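Everything below concerns the one structure shown next.
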Amino acid sequence: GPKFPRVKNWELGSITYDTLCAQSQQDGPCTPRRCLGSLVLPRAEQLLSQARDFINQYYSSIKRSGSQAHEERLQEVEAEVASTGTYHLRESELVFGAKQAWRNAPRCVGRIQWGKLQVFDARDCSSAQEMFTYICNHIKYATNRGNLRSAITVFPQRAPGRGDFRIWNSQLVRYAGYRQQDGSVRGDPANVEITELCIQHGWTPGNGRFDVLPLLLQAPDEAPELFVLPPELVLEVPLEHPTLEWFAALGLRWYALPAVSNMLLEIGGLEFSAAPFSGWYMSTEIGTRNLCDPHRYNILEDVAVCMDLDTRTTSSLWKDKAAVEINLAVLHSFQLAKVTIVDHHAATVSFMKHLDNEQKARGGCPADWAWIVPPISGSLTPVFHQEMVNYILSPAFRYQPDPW
Amino acid sequence: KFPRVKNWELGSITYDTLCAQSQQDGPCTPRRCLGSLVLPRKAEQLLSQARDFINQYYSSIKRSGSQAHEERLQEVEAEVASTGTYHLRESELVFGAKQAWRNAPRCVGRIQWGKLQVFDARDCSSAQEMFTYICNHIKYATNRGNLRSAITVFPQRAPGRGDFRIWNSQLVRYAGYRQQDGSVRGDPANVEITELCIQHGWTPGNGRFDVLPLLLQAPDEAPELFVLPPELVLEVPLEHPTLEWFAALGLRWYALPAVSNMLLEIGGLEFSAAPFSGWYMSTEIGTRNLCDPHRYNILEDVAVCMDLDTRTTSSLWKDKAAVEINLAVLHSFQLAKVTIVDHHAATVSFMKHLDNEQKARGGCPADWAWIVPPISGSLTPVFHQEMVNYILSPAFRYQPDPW
Ligand code: HEM
Ligand code: HEM
Ligand SMILES: Cc1cc(N)nc(C[C@H]2CNC[C@H]2NCCNCCc2cccc(F)c2)c1
Ligand SMILES: Cc1cc(N)nc(C[C@H]2CNC[C@H]2NCCNCCc2cccc(F)c2)c1
Ligand SMILES: C[C@H](O)[C@H](O)[C@H]1CNc2nc(N)[nH]c(=O)c2N1
Ligand SMILES: C[C@H](O)[C@H](O)[C@H]1CNc2nc(N)[nH]c(=O)c2N1
Ligand SMILES: [Zn+2]
């Protein structure tokens, strides 16, 4: 057959070949000898070639590949580098790049939305105060009283010998995690570090399971400054079950806006160290990972006890039954509160749609199976039965070392 | 050049060192992970594969670098130099087979690997004899409902001639009847093999739960049809702890998962018919065989029994019914006293298996996507454990359909 990965969906029996992977300029961590695909992280002319490829992508997307504008923009980019070491994106270039990084993201299952992203340019930003302002506008725009809109706020790009713009928080909205003297954690155990950093940098802390963290915002060559979100800005949903009436008495709650804030956006060799982006939740993020992970909120035993289940034996499927209801509770509460959310069935169906669109448009779609398939009910969703090719395309969102 | 491996639940790190002893590439390259594909795209050598396996075996029994070890290295050097192959001793076959399972990275049950009954069926010259061997293996492995892992190893591949082969994918599988209306009555994954059986003589039933015959092929001969005696194949009718109606459905499932189209490789020899069984992990029946949409696809039917709202994905009727079905599978096995392991218990012992291997070998190579169950993934400790995947020999491989 065709000298490209053959790709099969074992439910429908259909076949495709991924020709897009040929475009990858970056190596992942696998090799003929061993697959390392379940690892969460693995550890000048270089700028030009990256730059040039981005520009060629730009011009192709607007169907001007070959044109004088295209070659003149190339000429322009190299002259800028040859004289200053770096170069700068035109506005609509940044907009296309940022959308393209979302589109290229292999662990993201909501990419059917990729073309509909609001891009706030914040490349003029000059202070931690200003960063705060921009961040609050972002939150306001995106949250939109529960009718959620996709957005990304691009702060200034890394410069040579000039420290980065950095949000220290991992998300814009996150709950505190307080280390006790029992050794237990009150709140979100995920956040014990950032909580402790917030206090040492001067936050007066609370003592709840759901205290929203302040932002630690860092502007070039400064210590970070601390900022508290006004509570009218951070929309939250109290959780309740449509039938089990005792569920609301548990006092569980989650915030509406998932907003990753420590990821590095890379476009044509330029690195934007600060560029928080936000969409809406898939229900299993809250209901299965945040609420049921052993190493997070871990409410499974609680709920199962309330549910009168036999928690002394694995074969009662008591964990399974409680996760289903915690999940139905996440869905029902957001729906009631009229905040956007997507269940794992709908979400995955729509990534299938996204797969055969990308098949027609680019002949491939980088996808990480282990992340695409949901944490409950995996084989009940259609992505489980779809084979996937995972490779790195630029523009990309990368992970980056923590600032401290 | 050594992979760091982390558990995200507990924070612990390990380096895999086993994976250097890999001698056979998989499908990933640095440019792209293919980790999620089900199948691969498709003298002097055989000698050194044999050397290495014999080196393996004399360490297993702490006898490395000794007289019996050299005179076995010479026996092989001699046999290959003369005939271009060699043969294994029963005890070596036996260590080979257990290791084939030890090495199987899609396998969740490998805590058990040291405990395998091994039938040497290498003196087999006819399909007829295979039928008998296959039956003893069934009687043994089933043991009244007290399942015991077993393998039967038929005669190796030989340069001149046809393979000994079992046409079936499992020793026990239900059949697939295509209907006027393109609807497949009975079991969909086996529509083709049902048709092969008909093509070669079989009168068929028309139930959903009819047990297929066996098609056994001896070298260079057409396959012969053999019918499993109904008292041999142990079945479990499905019912539910609380839901009285669930029985009504005629739901049933057979006790013995026995693979039989895979090929066992050792010290470079190839065993084209080496069928093996253990026991089921409940989600193979409850989630996959019954809720796959391309399998019996019972979900809707059930969710309607349960009287859930099916107009909409966000009621999670899919999830709700999937759990009742898995719970019926477990109950009904436990009521009729047949080994069954749930997915929570199974993955817990896998974690324990990983720690054992880490102490013994420097690693366990495994395939995260197969090892994580098809419901409640992150509810199991395996969801949260990084894993490295690679090929070690001895091994079970896929091999082509004979027709
Ligand atoms: C519109 C609704 C959206 C949904 C439902 C969605 C869904 C998801 C989900 C479920 C994950 C995996 C989450 C995890 O378990 O850690 C994810 C990962 C990711 N999502 Fe999306 N997303 C949406 C919008 C966006 C937007 C606007 C972006 C960026 C512009 C985005 C970018 C990403 C990226 C970059 C990852 C990888 C995260 C990582 O590697 O840790 N999503 N998304
Ligand atoms: C003793 C109880 C055992 C249990 C509970 C068990 C469980 C499993 C499960 C759940 C899978 C994934 C199956 C699938 O989704 O297709 C699997 C795969 C596998 N098992 Fe085990 N197994 C057991 C014993 C054995 C034995 C005795 C052998 C051989 C002696 C074995 C060899 C394999 C192999 C080679 C695979 C991968 C084959 C493939 O690609 O389908 N297992 N097992
Ligand atoms: C933009 C957007 C939309 C959406 N629905 N969901 C998302 C992922 C967010 C929300 N809920 C989880 C978080 N995803 C980011 C978490 N990063 C995963 C990798 C990781 C994990 C832990 C430690 C690490 F070092 C690295 C983003
Ligand atoms: C020994 C043992 C015990 C156990 N519990 N489970 C097993 C796997 C068997 C049983 N339950 C599923 C089946 N798995 C073997 C076949 N592989 C499944 C998918 C596949 C793979 C390759 C080609 C295909 F066309 C399809 C073995
Ligand atoms: C070890 C394993 O890779 C890790 O638990 C991954 C698996 N898949 C995931 N998938 C998603 N969407 N999010 C995750 O955090 C993880 N965790
Ligand atoms: C396409 C995907 O790799 C395929 O559906 C795999 C995923 N994981 C699996 N895991 C197990 N145990 N069994 C399977 O058949 C599969 N199928
Ligand atoms: Zn890989």
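Chain naming here is simple, since letters A, B, ... match the order of the sequence lines and numbering starts at 1 in each. Hydrogens, waters and symmetry mates are skipped; everything else that's a heavy atom, side chains included, is used.
Using a 4.0 Å cut-off between charged nitrogen and carboxylate oxygen, B:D163 and B:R157 count as a salt-bridge pair. Taking 4.0 Å as the cut-off between side-chain N and carboxylate O, B:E75 and B:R89 count as a salt-bridged pair. With salt bridges taken as basic N to acidic carboxylate O contacts below 4.0 Å, one links B:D187 and B:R295.
Open room surrounds CZ on B:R144; 12 or fewer heavy atoms of other groups in view lie less than 6.0 Å from it. Annotation for A:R6: atom CZ does not count as buried by contact number, only 12 or fewer foreign heavy atoms lying within 6.0 Å.
The nearest pair of heavy atoms linking B:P373 to B:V382 is CD-CG2, 4.0 Å. Across all non-hydrogen atoms, the minimal contact from B:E239 to B:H331 is O-CD2, 3.7 Å. The two residues B:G363 and B:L18 come nearest to each other via the heavy atoms O-CD2, 3.4 Å.
B:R165 and B:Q399 are linked by a side-chain donor-acceptor pair at a separation below 3.5 angstrom, with hydrogens and angles left out of the test. In the model, B:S282 has no side-chain atom that pairs as donor or acceptor with a side-chain atom of B:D342 under 3.5 Å. Side-chain N/O atoms of B:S59 and B:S64 include a donor and acceptor closer than 3.5 Å. Using a 3.5 Å distance cut-off with no hydrogens or angles, the side chains of B:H69 and B:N55 do pair a donor with an acceptor. Side-chain atoms of B:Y174 and B:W253 include no donor-acceptor pair closer than 3.5 Å.
Of the inter-residue distances, the one linking B:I166 atom CD1 with B:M262 atom CE reads 13.0 Å to the nearest 0.5 angstrom.
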(message) Is there a salt bridge (charged side-chain N to carboxylate O under 4.0 Å, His left out) between B:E270 and B:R397? Walk through the geometry before answering.
(response) CA-CA 10 Å; B:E270 289 174 336; B:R397 280 206 286 103; 2.9 Å; yes
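Partners of B:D120 under the side chain to side chain donor-acceptor pair (under 3.5 Å) rule, at least two apart in sequence or in another chain, are B:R122.
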